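Q: sequence plus experimental coordinates follow:
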Amino acid sequence: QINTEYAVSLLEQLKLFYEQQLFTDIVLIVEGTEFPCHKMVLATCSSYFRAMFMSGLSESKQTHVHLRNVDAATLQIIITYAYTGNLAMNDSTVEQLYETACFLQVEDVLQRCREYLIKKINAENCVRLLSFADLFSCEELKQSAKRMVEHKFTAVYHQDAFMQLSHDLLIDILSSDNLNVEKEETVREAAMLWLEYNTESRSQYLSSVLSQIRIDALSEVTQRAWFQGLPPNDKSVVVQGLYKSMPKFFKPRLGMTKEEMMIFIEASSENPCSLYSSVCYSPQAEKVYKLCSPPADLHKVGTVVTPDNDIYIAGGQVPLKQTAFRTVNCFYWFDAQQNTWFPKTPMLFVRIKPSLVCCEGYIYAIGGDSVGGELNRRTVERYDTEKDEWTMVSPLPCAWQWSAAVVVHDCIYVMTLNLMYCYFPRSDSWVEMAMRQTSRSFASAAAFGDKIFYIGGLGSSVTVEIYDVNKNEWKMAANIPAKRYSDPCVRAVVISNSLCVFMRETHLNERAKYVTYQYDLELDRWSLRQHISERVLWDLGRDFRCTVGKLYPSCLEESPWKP
Amino acid sequence: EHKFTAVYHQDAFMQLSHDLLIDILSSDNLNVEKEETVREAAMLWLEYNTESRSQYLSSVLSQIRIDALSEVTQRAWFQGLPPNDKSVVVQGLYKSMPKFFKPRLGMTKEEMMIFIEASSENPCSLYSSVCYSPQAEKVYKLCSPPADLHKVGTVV
Amino acid sequence: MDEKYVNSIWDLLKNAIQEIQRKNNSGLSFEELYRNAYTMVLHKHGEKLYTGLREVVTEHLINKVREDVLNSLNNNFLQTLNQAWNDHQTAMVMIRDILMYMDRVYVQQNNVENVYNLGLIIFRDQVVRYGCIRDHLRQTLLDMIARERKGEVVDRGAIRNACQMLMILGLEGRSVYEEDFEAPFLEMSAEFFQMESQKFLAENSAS
């Protein structure tokens, strides 16, 4: 191999020459700023300077070149990267950095900024990044922007930059089958408002934008509104659209295929080669669709589903390369369509079984057996979904183990064996709450409306303690009627605007039975909503978690397994 | 399809119905390394009973297809044809161009190596049975016979 | 921006390219060429730019080298062809530099051949594979190789240069050059060696 010591010595000597200006022969003249540099470094880094000096033209020989349509700071950072390899990339100058990299055709900085932008893609810059990837040919960025823009924009459709988009880009966006919309009318009104941004600059594109939307809205309202905005005496558009909506037979999209499903993680691996797998139950389809394995079989993790219906994974441990397990603070995000886990910004401290709770767009991970183990080991930390970073919050006053947390009334409610503390995000403080009369642990709670339903606790039992936020008191309702001499595995969840329970029971010398019940809020009784047949759902285990979310049956595949 | 393709001389094989013989011959499961053995088997099936199954003779002639039809069948039939037969010549001459001449399956008897109790990537399987191709330079796999029992012996 | 701005940019770029092809690239500047490439790939008018480049290159070829080769088909024909090929290559060096900066995005998006390949293909179509130049080149190469085989010595580096030029003109491998040169050369041998063997079997013995 090439001697790295001599390579770094040569590089540092060249950078010293650059700083001291000894062997510089070509100077870059940009907006009156002198940039003394060498030809060898520029040729090695950029693919434009190799064609600038080895050409045989006027500026090729001229020791003074007036490089135009560039920026001084961008050129300076590119030159210093070419001379030392350090590329300091902030969150603002990456746009002009990519512009100058494409202008100068430098592959290394182009790849680096492409990776930075593939990491930086978020909701508030999705349309801007897609427009940038349309301006400069970049297929990876274009595809990532396609996916993220489709999802987040069809969720939001309010960005100001969406109005200033090319016709081809909008045709690609609207005609795609990856849009995430609960209805087919929101895309219609989004297209209408985009068209009405201008009057005559969009008339020619009117015949094309309607060609990608289904005819179910091409004969109903929002056709006379276009006639109102039609240019005067234009008889080539009204009669055109009058007899035009014959083709494009109505085809349902993919965004209207989200159903309230119970996502399960760390289930018992059907194949014995695997350790733990992830499955999902369909309360409506009455089937069990398989889910992608956790990233690097990440066990002992926590789940959260934001009001925007997004799944996240935090904490967990990976078997170190017989008992062998090491805890890692890696963070991941689940793609609802690609059926894969996209990595995100990792946490600061590793966790085991963390309680992920979403509130005000922030992901809160409370506790989880942190390696820190200091005086305030009860330190909790939130995540920024806008800036893609983690921020510490007010620590929990008391150290708790095997706890659960929910969000009610824009506040974090973490529950332990007998104590409860409410966190105020506005003031970053903890307030003492009501005290339970029973010592129970290893249970889960579901937030339904303005009440907290702590179900089960210790196997578990059928004890239920209902807490009211407005009343600040713990009261008993009833006990779930289950078979005696059994060990039910209770799982509290909210579904169909009602509090249902996923309770798996096992009898003596008998296999586990799956059945869910609907708890009557006013009657204080668990009614049999549906019985899960064992012909579709097999054993899941004991350390499995359940959460409420929506998934697409089309993108996912049915798990092939014998009843 | 496994054994008659190596014997093709059984006495009971001569007395077979037309449909069964057509199903046997037209199938692509003939374990024959050469294409002339099936031709001569069909011929000897049509030599002991001739002038009785002439239409079935033409059907089997078409079934055996051009690869073996263009070798000797014309001359043998000329020796054995009934007198005053003209349209039979016309129908026999037609089976030269059409009917999708395709390679068989029994010709793919590549001499390979069968291995047992290999290092299984899956932890569930303790061992696996695989194969190697000396000529194709490829590694093929085989299904475990019991899927759970090991320490077996092989014979060929 | 407006169509007038991009039209003016394309017009000046075409003028610069024509000046470069007139062997006046030394007087032209690459600072001007890089800026023109910047303002050309700015409005994402790659299609129009590609079509204009193809039209300019083919018009220049047909006007200059097609006339030059036909005008000197008997006075140093192969030397003139080699000189024209060298001039085309040395202009296409810079042409390919600029339009290869363009080509990165263009052929990573539109999935077409690069501008160097485009120039090679158009040169093959308009010069070597011409309806009259091809047969003349074949006849003259066969005549000179036959004269060399007869016993008298002729130029040999020129044939190597021509063969290398054809091999490069293949642009993918040995598809065209094997067909345009090797095939006629094999046919020439198919007759010369047969006649030589027929003469030798009668004029001598097995010793």
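A: Looks like it came in fine. Numbering: from 1, shown residues only, chains lettered A, B, ... in the order given.

Q: give the contact list for the residue in the stretch 451-563 of chain A that chain B sits nearest to.
A: When scored by Cβ to the nearest Cβ, the stretch 451-563 of chain A has residue A:561 as its residue closest to chain B, at 14.1 Å. From N, CA and C alone the C-beta is placed, and that goes for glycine too. Contact analysis of residue A:561 by Cβ atoms under 8 Å, 6 or more residues apart in numbering or on different chains lists A:270, A:288, A:538.

Q: among these, which are in strands?
A: Counted as lying in strands by DSSP state E, out of the contacts of residue A:561, are residue A:288.

Q: most neighbours among the contacts of residue A:561, which one is it?
A: residue A:288 (20 neighbours; other Cβ atoms under 10 Å in any protein chain shown).

Q: residues from chain A in reach of chain C?
A: A:47-48, A:51-52, A:55-60, A:62, A:65-69, A:102-103, A:105, A:135-137, A:139 (Cβ under 8 Å from any Cβ of the partner chain).

Q: just the buried residues of those.
A: Neighbour-count burial (16 or more other Cβ atoms under 10 Å in any protein chain shown) applied to the residues of chain A next to chain C gives A:47-48, A:51-52, A:55, A:57-60, A:65, A:67, A:102-103, A:105, A:136-137.

Q: widest-spaced pair of the residues you listed?
A: Maximum pairwise distance among those (Cβ to Cβ): 30.0 Å, between A:58 and A:137.

Q: tell me the centre residue of chain C?
A: Residue closest to the average C-alpha location in chain C (Cα atoms, centre = their mean): residue C:123, at 4.1 Å.

Q: element containing that one?
A: Following DSSP states H and E, one finds residue C:123 within helix C:115-123.

Q: which helices and strands does that helix pack with?
A: Helix C:115-123 is packed against helix C:46-71, helix C:77-109, helix C:157-170, with contacts defined by 3 or more Cβ pairs under 8 Å, 6 or more residues apart in numbering or on different chains; DSSP states H and E.

Q: please repeat the previous calculation with a cut-off of 7 Å.
A: Helix C:115-123 sits against helix C:46-71, helix C:77-109, with contacts defined as 3 or more Cβ pairs under 7 Å, 6 or more residues apart in numbering or on different chains; DSSP states H and E.

Q: just those helices: most buried one?
A: Among these, helix C:77-109 has the highest mean neighbour count (mean count of other Cβ atoms under 10 Å in any protein chain shown), at a mean of 18.

Q: distance from it to the middle of the chain?
A: 9 Å (Cα atoms, centre = their mean, to the nearest Å).

Q: does that helix reach chain A?
A: Yes - applying Cβ under 7 Å from any Cβ of the partner chain, one finds helix C:77-109 touching chain A at C:94, C:97, C:101, C:104, C:105, C:108, C:109.

Q: so that helix versus helix C:157-170, what angle?
A: 20 degrees (axes from the mean of the first three to the mean of the last three Cα atoms, to 10 degrees).

Q: burial count for the residue nearest to residue A:297 when sequence neighbours are not counted?
A: For residue A:297, ignoring the flanking residues on the chain, the nearest one in space by Cβ to Cβ, 6 or more residues apart in numbering or on different chains is residue A:275 at 5.7 Å. Neighbour count for residue A:275, taken as other Cβ under 10 Å: 14.

Q: over to the one 4 residues further on?
A: Residue A:279 has 22 neighbours, counted by other Cβ under 10 Å.

Q: got a list of contacts for stretch C:130-149?
A: Stretch C:130-149 is contacted by residues C:66, C:69-70, C:73, C:77-78, C:127-128, C:154, C:184-185, C:188, C:192 when judged by Cβ atoms under 7 Å, 6 or more residues apart in numbering or on different chains.

Q: nearest to chain C: which residue in the stretch 201-350 of chain A?
A: residue A:201 (13.7 Å).

Q: pretty sure that residue is in a strand, no?
A: No - looking at residue A:201 with DSSP: H, G, I helix; E, B strand; the rest coil, it is coil, so not inside a strand.

Q: picking up where we left off before, any idea of the angle the helix holding residue C:123 forms with helix C:46-71?
A: In terms of direction (the same axes, to 10 degrees), helix C:115-123 departs from helix C:46-71 by 40 degrees.

Q: buried residues in helix C:115-123?
A: Within helix C:115-123, the residues scored as buried using 16+ other Cβ under 10 Å are C:115, C:116, C:118, C:119, C:120, C:122, C:123.

Q: surely the first one is in contact with residue C:101?
A: No - here residue C:115 does not reach residue C:101: they are 9.9 Å apart, not a contact under Cβ atoms under 7 Å.

Q: quick one: residues contacting residue 116.
A: By default, I'm working from chain A. Residue A:116 makes contacts with A:89, A:94, as judged by Cβ under 7 Å, 6+ apart.

Q: actually it's chain C I care about, not the one you picked
A: C:92, C:96.
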